């Protein structure tokens, strides 16, 4: 099976390529031109290591600059992870790249997929499409994003439904909830907080720290994502939440990190940022039914891994 992974040099993409290549039957093409919040210097190593594998090819190009007819001619499955992420940096003059890379890129990929017969077009979306909801959110809820980021990701899901209904492109949408672990982007909370804790710097907390997320450990995320390819169930046209084992507040996380580090952290409480919900909580029942998804990694185990990864990164 030949698989295209867009955004292959990113946090999730690099882990996904590594996981797919463990199956000797899979061939993977990664495309990435090293934009968004993570500097390229943190991405090249993982790509060089994947390129040692005879079943991996990398294309360092913008999807919008690429001949997508050439790229897709021998592709069975597309994992579409390329995007500009980041709820908090999607305002004002920063918005245009979210539209170009989250909407125009998705449209161009789907147009190119009209001219081939994919098995699956697996589109990665976000809990950010939901906005503020009470209770565990299921995939049938009316989504009302709270951020410009969330809006652009929701437009990407809508484009998938347009091309599925009109042209039978075999879309599947995965909505990830706050993924963490080794290689987590440097703009994300855990990466920042652990880095600050290791440096004996005040921990930057947006608002009062009581906000909660359905944090998804990267290995859980990737097992669900691979299950979207490998399931025997017909999942075409389905939106599927991929969420974590354990929901927690930012204050809860900081306590767990203090127990792991033996540090006593100073807190710097900053003004809450527009665009962010107080709570995310996935109903992952549909993923259980369709993918046999069940997250297995506890926050203490996942935070141990990320702590060791960050400690080594800044050593």
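Positions refer to the first chain, counted from 1. Each form is matched to the other, and the largest set of C-alpha atoms that superpose within 1.5 Å is called the rigid core.
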Which of 247-255 and 276-284 lies farther from this form in 4 other deposited structures of this protein, as RMS of C-alpha positions after a rigid core fit: 276-284
Comparing 201-209 and 156-164 where Cα RMS over structures and residues is taken in 4 other deposited structures of this protein (core fit), larger one: 201-209
Of 278-286 and 261-269, the one with larger mean CA B-factor: 261-269
Mean C-alpha B-factor comparison - 160-168 and 128-136, higher one: 128-136
Highest-ranked of 248, 28, 31, 42 once sorted by CA temperature factor in the record: 42
Highest-ranked of 90, 106, 211, 178 once sorted by CA temperature factor in the record: 90
Modelled-residue ranking by C-alpha temperature factor, third containing residue 116: highest
Cα B factor band for residue 52 (lowest, middle or highest third within the chain): highest
Residue 8, C-alpha B-factor rank within chain (lowest, middle or highest third): lowest
Residue 195 - Cα temperature factor, lowest/middle/highest third of chain: middle
CA B-factor placement of residue 67, once the chain's modelled residues are sorted into thirds: highest
